[PDB]
């Protein structure tokens, strides 16, 4: 895997470090990006999840804490995304 990973999450393009994707052991992205996969038309790694919500999943992977926009109406949806990506501490934070 390259140092900088190019992702396509349900249509939205994200760039992150490989270390960020494998930062939390036993999580879904850690299982997927183990240093040892579906690709988009432009050769980007594809994740079949909501693109807009992934922005906050990424920031939780970067900081182990995520600040949400004022009057964020998708807390419950982000909790479901956190459940899918298997991030129990983020699930606890969003309950």
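Numbering follows the first chain given and starts at 1.
**Report entry** Test item: residue 35 lacks coordinates in at least a third of other entries
**Finding:** Counting only entries that model residues on both sides, residue 35 is unresolved in at least a third of them.
Query raised in the report: From residue 26 to residue 27, how many deposited residues does the entry skip: none, 1 to 3, 4 to 9, or 10 or more?
Result: Unmodelled stretch: none, continuous chain.
Query raised in the report: residue 68's Cα B-factor: lowest, middle or highest third of the chain?
Result: As the PDB entry reports it, the C-alpha B-factor of residue 68 lands in the highest third of its chain.
Report task. Relative to the other modelled residues of the same chain, rank the CA B-factor of residue 47 and answer lowest, middle or highest third. Result -> For residue 47, the deposited C-alpha B-factor lands in the lowest third.
Report task. Within this chain's modelled residues, let me know which third the CA B factor of residue 13 belongs to: lowest, middle or highest. Result -> It belongs to the highest third of the chain when residues are ordered by C-alpha B-factor.
Query raised in the report: Comparing residue 58 with the other modelled residues of its chain, is its CA B-factor in the lowest, middle or highest third?
Result: As the PDB entry reports it, the C-alpha B-factor of residue 58 lands in the lowest third of its chain.
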